[PDB]
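Some notes on the structure that comes next.
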Amino acid sequence: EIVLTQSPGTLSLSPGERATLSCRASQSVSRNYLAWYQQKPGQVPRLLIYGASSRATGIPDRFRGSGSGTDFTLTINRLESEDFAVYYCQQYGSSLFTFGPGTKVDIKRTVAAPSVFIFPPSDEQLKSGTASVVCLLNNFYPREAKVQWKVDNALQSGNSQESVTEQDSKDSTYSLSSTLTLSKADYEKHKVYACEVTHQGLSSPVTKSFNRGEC
Amino acid sequence: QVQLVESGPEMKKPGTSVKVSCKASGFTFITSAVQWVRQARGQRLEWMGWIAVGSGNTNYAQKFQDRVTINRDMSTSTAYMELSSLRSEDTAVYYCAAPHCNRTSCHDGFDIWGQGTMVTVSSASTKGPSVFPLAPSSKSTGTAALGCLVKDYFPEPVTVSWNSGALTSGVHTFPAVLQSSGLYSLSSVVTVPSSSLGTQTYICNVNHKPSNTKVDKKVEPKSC
Amino acid sequence: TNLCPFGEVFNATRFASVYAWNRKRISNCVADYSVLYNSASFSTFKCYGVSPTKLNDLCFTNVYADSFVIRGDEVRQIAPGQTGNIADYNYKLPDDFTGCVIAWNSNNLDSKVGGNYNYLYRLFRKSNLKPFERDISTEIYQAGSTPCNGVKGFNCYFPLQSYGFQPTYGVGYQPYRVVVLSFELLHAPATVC
Ligand SMILES: *[C@@H]1O[C@H](CO[C@@H]2O[C@@H](C)[C@@H](O)[C@@H](O)[C@@H]2O)[C@@H](O[C@@H]2O[C@H](CO)[C@@H](O[C@@H]3O[C@H](CO[C@H]4O[C@H](CO)[C@@H](O)[C@H](O)[C@@H]4O)[C@@H](O)[C@H](O[C@H]4O[C@H](CO)[C@@H](O)[C@H](O)[C@@H]4O)[C@@H]3O)[C@H](O)[C@H]2NC(C)=O)[C@H](O)[C@H]1NC(C)=O
Ligand SMILES: *[C@@H]1O[C@H](CO[C@@H]2O[C@@H](C)[C@@H](O)[C@@H](O)[C@@H]2O)[C@@H](O[C@@H]2O[C@H](CO)[C@@H](O)[C@H](O[C@@H]3O[C@H](CO[C@H]4O[C@H](CO)[C@@H](O)[C@H](O)[C@@H]4O)[C@@H](O)[C@H](O)[C@@H]3O)[C@H]2NC(C)=O)[C@H](O)[C@H]1NC(C)=O
């Protein structure tokens with residue numbers, strides 16, 4: 001199988017700048033058959049560039065493609081507001097086709113640290129035998145963030161899931177929601193519950209904690 | 001009108017099969033080729049396989065060689081993808097793509113795409129959500145945070161509003177996550193000024209149409 | 001004084017694929033067309049330019065017998081002024097065709113349980129064939145703008161495809177043996193009466 005990789009993972013640029021995306025194939029393309037696609041959230045892919053350097057029908061002239069063997073480039077001369085989405089490349093010349101991991105192009109913004117909150121499980125849910133502790137990271141940039149639960153000063157892994165919103169249309173920030181889920185028995189066996197947040201806008205990891213039974 | 005239309009939403013129990021349609025229009029079906037791409041909720045594009053319409057020859061990725069079979073019926077100008085032995089990991093949106101061609105020549109790429117087919121695999125039955133309040137911390141001086149926990153429901157989706165639409169600013173509703181129990185869990189929060197905690201009430205409006213569930217829940221500051 | 005070898009054609013144990021259709025020239029023989037129209041074992045029998053009955057009282061300089069196998073749905077394409085994958089890319093009759101088209105169901109002969117992949121048809125071709133033209137090239141068909149120079153891939157497929165006749169297909173997908181008789185009248189001494 002031909003492995004396809006793109007860089008960067010997220011491209012932070014301001015509307016008007018020139019964007020430059022990369023696509024790398026593990027081996028030479030079978031027949032210069034490299035396609036570029038654009039996908040806005042909740043939409044169907046839209047073909048932008050087919051066959052290395054050939055613009056599809058209806059695509060503005062600001063989209064361009066280049067490359068030949070293993071290193072290919074998608075270039076947007078002047079980034080418009082409608083262009084901020086995810087971009088995938090695909091080689092399709094050698095029997096089996098493969099996609100890249102994608103490259104998200106978002107609006108550039110100044111570094112903003114997240115507002116961190118922690119929520120103990122409600123007494124109504126503890127009645128259900130299940131406990132869910134929530135850790136909110138509110139309005140931050142960029143999207144890269146790390147959340148680490150710690151129960152009684154011990155790094156917790158498992159029984160934890162995250163969720164990130166889209167870039168807000170007003171402050172261009174993201175928000176994350178990490179939920180720790182234990183049984184009522186496991187929850188009542190400990191006292192200190194905390195989530196440690198690491199972000200670029202924080203000079204040191206910020207920790208928000210609470211004590212169980214001590215409201 | 002070069003079009004490519006797929007099946008409707010599918011919801012199959014785990015272990016069964018699903019056959020997604022993909023009908024063509026506007027171009028000569030005989031000479032192009034149809035590829036199948038799936039995309040999990042919020043994930044990347046995943047190439048499954050492709051079929052040449054004229055010859056019927058197929059090629060499948062390693063991951064899907066065991067359970068996927070792509071066929072076509074040129075009398076109805078429709079290509080089909082069948083995925084047997086379904087499981088929760090298969091839950092995604094399935095697309096079909098093809099180049100626009102005439103009697104002799106083709107486009108050099110897949111420029112025609114289908115609208116998408118949502119396939120959902122889960123053993124759990126329909127269930128209304130339990131709504132739990134996320135009370136604001138007492139360590140708030142200028143702005144605090146509060147929300148609701150929409151937990152253990154099936155299937156998607158749910159809609160959530162605050163004060164029945166009067167509150168919209170600073171509201172964030174996160175996309176749900178599928179627990180290992182087969183049920184979805186969602187949390188919606190809102191950041192308000194710390195001063196308004198004692199003189200403003202906050203009620204989340206959770207509505208789940210598949211179960212006809214209308215749960216409103218009041219979020220109150222933590223009180224000892 | 002000797003009859004024409006119409007048995008070697010209609011009764012051939014093996015028929016050719018439609019893309020490589022067989023053609024036998026018939027001359028210097030007494031043609032007895034009587035039994036052919038009387039034959040009820042023929043499913044299709046359409047003549048163009050001559051009457052089926054009023055035919056034994058005719059002399060021609062040459063008579064060509066073409067034979068191949070196609071789908072049942074494709075028999076309607078063996079006629080003047082028809083379009084389709086067979087009429088455009090395999091066997092084409094002229095608009096001024098003078099002859100007869102004969103066909104019968106051969107599902108009991110040319111179909112195998114696992115699929116008889118011996119009968120082939122040209123699927124892709126850049127232009128339509130001329131009348132009575134024959135194309136047996138296996139050159140890889142370039143569908144897209146970029147070539148391939150011999151690469152069975154996307155927009156570059158093998159121009160020939162198999163029918164894969166199985167006995168359980170519908171009548172439209174079953175094999176039908178076809179025999180096309182062309183009646184040629186040149187400014188040369190006539191040989192087929
Ligand atoms: C089937 O599709 C064929 C492919 O066409 C493209 O692909 C499909 C999938 C669609 O997207 C379609 O919209 C695309 O166009 C199509 O073949 C094309 O047919 C046209 C018209 O016959 C050809 O254009 C004509 O070309 C001549 C000269 O071309 C020379 O140069 C090119 C390189 O530039 C060489 O590749 C050629 O071999 C030749 O050497 C032009 O002179 C002519 O007119 C031009 O000038 C007039 C004014 O007189 C203008 O009005 C025109 O806009 C032109 O500027 C045509 O442009 C085209 O070359 C040909 N392409 C290919 C790849 O074969 C075919 O017609 C379609 N058939 C049916 C039945 O649909
Ligand atoms: C294509 O070949 C078929 C079959 O050829 C024969 O059958 C196969 C199974 C082998 O045995 C092979 O060696 C044979 O040649 C042809 O079909 C038969 O063709 C003959 C001659 O054209 C015809 O007579 C048959 O019709 C049958 O006739 C008998 C008797 O009819 C005459 O013959 C006897 C002497 O044998 C006379 O005594 C009699 O008076 C008649 O003059 C009938 O009893 C019977 O019911 C049937 O009508 C044909 N049989 C069949 C089944 O079609 C076919 O013509 C060939 N076609 C071409 C274009 O060449």
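All residue numbers here begin at 1 and follow the chain in the order shown.
So how was this one determined? The header says X-ray crystallography, 3.1 Å.
Here the Cβ of each residue, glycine as well, is placed from N, Cα and C on the backbone.
Annotation for C:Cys29 (disulfide bond): spatial neighbours C:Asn2, C:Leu3, C:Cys4, C:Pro5, C:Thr191, C:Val192, criterion Cβ-Cβ under 8 Å with sequence separation of six or more. Annotation comment: Swiss-Prot describes C:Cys4-C:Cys29 (among others) as disulfide bond.
C:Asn11 (N-linked glycosylation site) falls within neither a helix nor a strand when secondary structure is assigned with DSSP, and so counts as coil. Around C:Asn11 (N-linked glycosylation site), no same-chain residue six or more apart in sequence has its CB under 8 Å from its CB. According to Swiss-Prot, the N-linked glycosylation site annotation covers C:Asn11.
For C:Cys100 (disulfide bond), the same-chain residues that are 6 or more apart in sequence and have a Cβ closer than 8 Å to its Cβ are C:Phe45, C:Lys46, C:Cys47, C:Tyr48, C:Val50, C:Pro52, C:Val180, C:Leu181. The feature disulfide bond is assigned by Swiss-Prot to C:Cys47-C:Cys100 (among others), with experimental evidence given as support.
In the three-state DSSP scheme, C:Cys59 (disulfide bond) falls into the coil class. Marked as disulfide bond by Swiss-Prot on the basis of experimental evidence: C:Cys59-C:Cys193 (among others).
Feature annotation from Swiss-Prot assigns region 'Immunodominant HLA epitope recognized by the CD8+' to C:116-124; the stated evidence is experimental evidence. Residues 15, 17-20, 69-70, 85-86, 89-90, 110, 135, 141, 143, 157, 159-166, 175 of the same chain sit 6 or more residues outside the region 'Immunodominant HLA epitope recognized by the CD8+' (C:116-124) yet have a Cβ under 8 Å from a Cβ within it.
Mapped onto three states, the DSSP output places C:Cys156 (disulfide bond) in strand. What Swiss-Prot records for C:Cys148-C:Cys156 (among others) is disulfide bond, and it gives experimental evidence as the kind of evidence.
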- Mapped onto three states, the DSSP assignment of C:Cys193 (disulfide bond) reads coil
- Query: Can you list which of these recorded positions (C:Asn11, C:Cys29, C:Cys100, C:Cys148, C:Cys156) have a Cβ closer than 6 Å to ligand 2?
  - Reply: C:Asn11
- Query: For chain A, which of the recorded positions C:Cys4, C:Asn11, C:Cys29, C:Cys47, C:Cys100, C:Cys193 fall under 8 Å by Cβ?
  - Reply: none
- Query: Around C:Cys148 (disulfide bond), how many other C-beta atoms are within 10 angstroms of its C-beta?
  - Reply: 19
- Item | Counts by DSSP class (helix H/G/I, strand E/B, coil) across the region 'Immunodominant HLA epitope recognized by the CD8+' (C:116-124) | 0 helix, 4 strand, 5 coil
- Task: For C:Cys59 (disulfide bond), list the number of other Cβ atoms lying within 10 Å of its Cβ atom.
- Result: 12
- Under 8 Å by Cβ from C:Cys156 (disulfide bond), counting only residues of that chain that are 6 or more apart: C:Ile140, C:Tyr141, C:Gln142, C:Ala143, C:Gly144, C:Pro147, C:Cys148
- Could you find out if DSSP has C:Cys148 (disulfide bond) as helix, strand or coil? coil
- C:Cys47 (disulfide bond) has how many other Cβ neighbours within 10 Å of its own Cβ? 19
